[PDB]
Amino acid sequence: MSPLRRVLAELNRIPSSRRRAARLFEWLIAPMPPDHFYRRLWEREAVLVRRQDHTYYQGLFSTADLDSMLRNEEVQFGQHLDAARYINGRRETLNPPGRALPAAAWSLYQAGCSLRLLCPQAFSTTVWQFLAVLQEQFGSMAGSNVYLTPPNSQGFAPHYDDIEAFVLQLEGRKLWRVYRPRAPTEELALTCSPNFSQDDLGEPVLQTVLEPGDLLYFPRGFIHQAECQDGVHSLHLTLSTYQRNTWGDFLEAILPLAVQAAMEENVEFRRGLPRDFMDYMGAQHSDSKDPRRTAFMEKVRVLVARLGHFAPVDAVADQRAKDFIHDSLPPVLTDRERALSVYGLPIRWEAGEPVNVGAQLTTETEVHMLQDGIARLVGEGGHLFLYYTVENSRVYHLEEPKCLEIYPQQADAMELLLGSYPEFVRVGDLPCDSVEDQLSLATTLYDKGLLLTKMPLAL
């Protein structure tokens, strides 16, 4: 059995989704220890993992899969697939409007174009599970693109991306060149870069030929490019994560709330500005020797520093968690998880009627969240809402934010369930005022596909 299939079988036998995610990432960069990778290389260095095992990714994705999805699925140029080529130091995109049929796509490939599938996880369930698991240990949306390049060609101009990238060589070989950030500002860049010409580039910090099974990681800001040399194409899947998930992004959400809080709670923020500060402040006075100006700037720095005491850090953390739940790919259940959840209840249609009717929860039922990263409790305008991922589309933001309200008499028990995973809790022992509230919370979550039971319900 291939390493990918072996580890996937292995994950199905691991109870915790948190541990499953950790294990899969361990597999992704093996033999490199994750602890070393995050401590020393994550967001700092380009890394090549020379696998010396061409079968490592077998089962993940292949060119055969691509060809088949073009004929059996509704793959559209632009929306789902791009065809580009880099020649004469110039990038060109050749997307014809409409459906990308095998005849058109392969015609472009034959003429030198690279093909790029934007959301492979929407057409492949393997890629979907792969990213759905890894997103749990990234704490960030895990996206991906698939790149197929014909022999003796380059599809894209050198550039840098706005995400942490993990390149997985699936077929053929490709000559890659990775450059360290060209300048202080391009280090851990915020946005994708424009296309660069070779003259804009220095020396590669990494130049090598990737072999199926190999892994090549590099931070946002690291310029890269790649080309197929004589006689063989290249197919690779680039896993991406950490888009706009910086400390600066956290502050962006924090500040407006902090200053509002400060103004409402401390009179020093409500005092009026000088009646004549326009006399010494402004670009026209950037060189004024007026001390009132120095006093103005000093006061500004003091009040700003002060805002730290008014920052609603927990509320912004919850908001980001809520947006991540919305961004999330839906969970891929283990056979056990499905079997012990509403998804696996044996009730279906036979002969002329429903069979295996009406299993019901009781105070004796032992439960716990279906998985660790599928829900988040959030407070908004006096109400509490549990946002979950189980009804999200494999397509980014196709379905809108899903939640269900959690009533006050259930908040303690909901927090408990969210923090004890994967420990089982007898429904009767949930911190609720009445038994009606215990059964009601457990029933609502279970019916939602957010909970699983120790023993399959059979009532």
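When you see a residue number, it is the position in the sequence shown, counting from 1.
The stretch 423 to 431 shows the higher mean C-alpha B-factor when 27 to 35 is compared against 423 to 431 in the entry.
On average the C-alpha atoms of 95 to 103 have higher B-factors than those of the other stretch, with 128 to 136 and 95 to 103 being the two compared. Going by the entry's values, 88 shows the largest Cα B-factor out of 208, 238, 88, 234. Residue-level inspection of the entry shows that, of 121, 152, 246, 356, 356 has the top Cα B-factor.
Residue-level temperature factors show residue 217 in the lowest third of its chain, judged at the C-alpha atom. For residue 230, the recorded CA temperature factor ranks within the highest third of the chain's modelled residues. Per-chain ranking of the deposited C-alpha B factor places residue 200 in the highest third. Sort the chain's modelled residues by C-alpha temperature factor and residue 349 lands in the highest third, per the entry. When the CA B factors of the chain's modelled residues are split into thirds, the value for residue 341 lands in the middle one.
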